[PDB]
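Only one chain is shown below, in structure tokens, and it's the form deposited in one PDB entry.
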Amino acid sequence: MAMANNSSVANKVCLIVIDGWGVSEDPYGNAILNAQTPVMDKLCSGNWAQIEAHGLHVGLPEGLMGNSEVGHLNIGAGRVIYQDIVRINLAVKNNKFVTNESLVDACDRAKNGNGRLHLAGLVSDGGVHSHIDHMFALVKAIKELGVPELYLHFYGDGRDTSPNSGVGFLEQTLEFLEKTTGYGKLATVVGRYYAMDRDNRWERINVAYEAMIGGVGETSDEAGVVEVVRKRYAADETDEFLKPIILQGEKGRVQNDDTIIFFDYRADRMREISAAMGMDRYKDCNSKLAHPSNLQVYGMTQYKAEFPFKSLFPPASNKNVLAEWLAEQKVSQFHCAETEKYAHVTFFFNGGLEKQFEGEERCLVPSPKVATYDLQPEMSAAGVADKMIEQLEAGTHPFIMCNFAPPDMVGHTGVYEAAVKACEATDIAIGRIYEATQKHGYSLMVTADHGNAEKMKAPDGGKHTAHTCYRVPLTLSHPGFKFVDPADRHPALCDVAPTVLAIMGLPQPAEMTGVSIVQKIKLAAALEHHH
């Protein structure tokens, strides 16, 4: 089970990832603070750190709580794993559209053809399928690239935003196109119920299709379109269900030889309209209008493997996550979790794929077969520690890691008293592991993938069952290292694996763009600091 370079490791490391254990100073409904956790009370003192596990720090949209899949992905990868909204928002901030290869291709086609380009997508700040800022940036870039004509097909939201917020986004859009860029024309408004169907209800898609290719709908212009929407509002027709509104007449329709960019980043609700325009699914619409010839369609992301469309943001890769890299260094490793989080210490920790690397030994501890986990809040934490202690007493693997599920899965039941017991059981397990690590020459690091159990009561005293935005601990028993935050940002989950490799005396692969957040210090200086 060993690997050839095990004897080159400077420090063996045991990494405990507690699931759903965050750092909150508010004791109300705080199952971690109120639980008896004498082990974590000591580990989380002196030289320890509090690192970010939510929102932009882990590649999630700003303000969004962490989660087990993203958390284990970021911990295992040693880099920020960007979700699409964050990656595209950064490209907007950094003016990266104007040099985007697929966008430049689309703009070249229009300039070498009939000069006509279309943008189509959900216009709101919801951030779930699209962002209005993305569309504004595309307009700016397409102007800078000198496309003669740009037409916008505005899909109404009211689902990821309030049902009457479309008027505002419409007002913002009109002012933007007229005053800010003085370029581009709004051509269609239609609700996402029609344009963004994902249930193969092609009679819905046809309403959007015929609006874009044939102006089927209510005619309007820049001066009156907002009042039309207000009229629909008064008739109980909200953004999601806006029947089409047609501007610019025939000039703004999708015509023969035109170019189309769909700017939604999420695939499920673009597969249909994009394939109707760019492939053969216009047939399903059974329209009395002919399909325009020689169209070419581009997407913000890849909507389906088998679609031919170029994408502005193709899928990213994650080479040399920690588990891959340890194997490449010929260092063996051990991953352990109970059933409910076994995928997270394998599939997600290892980069989001079913791959076990060379030298990677795994251990699955069965979760208890109970109706809900508040009935056995300790879950199988004891058996996870048992397996880890076996590995520490053997000393075979220089890197071992486990997950402890109780705080998150009991936290999800909303039962505060059960969560307190889940945290007490986790603390006991961590203490038994800690004793073994100190006996057998392992440095112990404890972290979490995101918070949960520290906030068990909602503001009305009811159950709180969700993940949180609180920081998570990062501990280290090795006295020869001091935690140091990155120079330009808060520490985050992406920094755990670079830190482990630095402690292990192993190289850090170029692909891990996280930073190590420890510095070596002399033992005498460390001891004098504490006193």
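When you see a residue number, it is the position in the sequence shown, counting from 1. Just so we're on the same page, rigid core means the largest C-alpha set that superposes within 1.5 Å between forms.
> If you average the CA temperature factors over each stretch, which comes out higher, 448-456 or 367-375?
Higher mean C-alpha B-factor in the PDB entry: 367-375.
> So, looking at the entry's B-factor column for Cα atoms, which has the higher mean, 81-89 or 97-105?
Taking the mean C-alpha B-factor of 81-89 and of 97-105, the larger value falls to 97-105.
> Identify, among 248, 112, 74, 443, the residue whose C-alpha carries the highest B-factor in the deposited PDB entry.
Highest C-alpha B-factor among the listed residues goes to 112.
> Pick out which of 385, 152, 145, 167 has the highest C-alpha B-factor in the PDB entry.
That would be 145.
> Mind checking which third residue 57 falls in for C-alpha B-factor across the chain?
Lowest third - that is where residue 57 ends up once the chain's C-alpha B-factors are sorted.
> Where does residue 215 sit by CA temperature factor within its chain: lowest, middle or highest third?
Middle third by C-alpha B-factor.
> Name the third of the chain's ranked CA B-factors that contains residue 8, choosing lowest, middle or highest.
Within its chain, residue 8 is a middle-third residue by C-alpha B-factor, going by the deposited values.
> Based on the deposited C-alpha B factors for this chain, I'd like to know if residue 339 is in the lowest, middle or highest third.
Top third by C-alpha B-factor.
> Quick check for you: using the entry's CA B-factors within this chain, is residue 465 in the lowest, middle or highest third?
For residue 465, the deposited C-alpha B-factor lands in the highest third.
Just so you know, the form deposited in another entry exists too; it's not on screen, but the next bit is about it.
> Where among 446, 323, 260, 384 does the Cα move by 2 Å or more between this form and the one not shown after the core is superposed?
Everything else stays below 2 Å; the exception is 260.
> Please say whether the CA atoms of residue 350 and residue 302 come closer or move farther apart in that other deposited form, knowing the change relative to this form is 3 Å or more.
Relative to this form, closer in that other deposited form.
> A 3 angstroms or greater change in CA distance between residue 302 and residue 324 is reported in that other deposited form. Closer or farther than in this form?
Relative to the displayed form, residue 302 and residue 324 draw closer in that other deposited form - a change of at least 3 Å between their C-alphas.
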